[PDB]
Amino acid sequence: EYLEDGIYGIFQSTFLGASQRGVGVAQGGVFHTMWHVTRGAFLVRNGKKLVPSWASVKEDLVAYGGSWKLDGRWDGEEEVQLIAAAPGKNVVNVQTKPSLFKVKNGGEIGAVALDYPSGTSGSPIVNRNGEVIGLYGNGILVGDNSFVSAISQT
């Protein structure tokens, strides 16, 4: 009834089967994932139905079953780690020196240059202490067409 803390995969069921559409993180009784992964669709856990409790389209984040409980924030110089729950692949941790997105008429936010499939969207990015700094899956394509994601946090 309380979702065990950890990384969960989002699975959608079609007439062609089950596919991992994305991932989220459970912490403190609430499920956190990227808004574009679910767009507010409800989840099910062992017959327990979860509905979105908060969402922000511009941050591309949505939470289920309570308020946003991920408190980690990037310091600006720590090496970061991406736990990548790619569809059909074993969970792997990848560490990187972060990139940066300078938004016009705004502020700085960190970014990670690691290219992972759709369905890895919502994977956690964490600092050396193991607290969650942001989620993965919202970013840009650069000149070589690789994907670069932002460390999406509230």
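In case it trips you up, residue 1 is the first one in the sequence shown, and so on.
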| property | result |
| --- | --- |
| Average Cα temperature factor in the PDB entry - higher stretch of 87-95, 102-110 | 102-110 |
| Entry-level comparison of average CA B-factors, 117-125 and 44-52, reporting the higher stretch | 44-52 |
| Where the record places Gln12 (Cα B-factor, split into thirds across the chain) | lowest |
| Position of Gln20 among the chain's modelled residues by C-alpha B-factor, lowest, middle or highest third | lowest |
| Record-listed C-alpha B factor of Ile151: chain third | lowest |
| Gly130 CA temperature factor, ranked by third within the chain | highest |
